[PDB]
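Listed next as structure tokens is one chain, alone, in the form deposited in one PDB entry.
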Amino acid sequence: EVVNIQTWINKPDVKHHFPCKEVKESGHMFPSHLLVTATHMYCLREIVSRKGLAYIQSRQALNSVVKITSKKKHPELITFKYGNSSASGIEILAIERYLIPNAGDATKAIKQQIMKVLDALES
């Protein structure tokens, strides 16, 4: 269950890597790494007492992202909402918040990857 951060960053399936902190309602902010594949976003949380290692804190399907939000006052603090979508709307089942340096680049990349899940044009 413990993983090597560098090994995971270097995996061929990983399209994007964003160092960040995961923000909790408790003022806790955990050094972390977002890894985005063609189908999922992973959050690796650093183990401060074990150099180079992390736990897989979260794994979410990109097709299950239902909202990505931020405030103008704090552009780097991104909220991801995950859950179910249908004709009637969205059902939120999980919420994760991250403080991402250069969050603009991250959110652009993640949105691009989400669109590629939907898109099987010019097959």
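Position 1 is the first residue in the sequence shown; the rest follow in order.
Another form, the form solved in complex with a partner chain, is not on view; read the next lines as being about it.
Handout entry: is_contact(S86, the partner chain) in the entry with it bound, heavy atom dist at most 4.5 Å
Key = Answer yes; at least one heavy atom of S86 falls within 4.5 Å of the partner chain in the entry with it bound.
Exercise for the section: May I ask you to check whether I56 falls inside a 4.5 Å heavy atom distance of the partner chain in the entry with it bound? Expected result: No - in the entry with it bound, heavy atoms of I56 and the partner chain never come within 4.5 Å of each other.
Problem - Close approach of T39 to the partner chain in the entry with it bound, 4.5 Å, heavy atom - result: It does not: once the partner chain is placed as it appears in the entry with it bound, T39 has no heavy atom within 4.5 Å of it.
Exercise for the section: Report whether the minimum heavy atom distance between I114 and the partner chain in the entry with it bound is within 4.5 Å. Expected result: Looking in the entry with it bound, residue contacts with the partner chain include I114, since a heavy atom lies within 4.5 Å.
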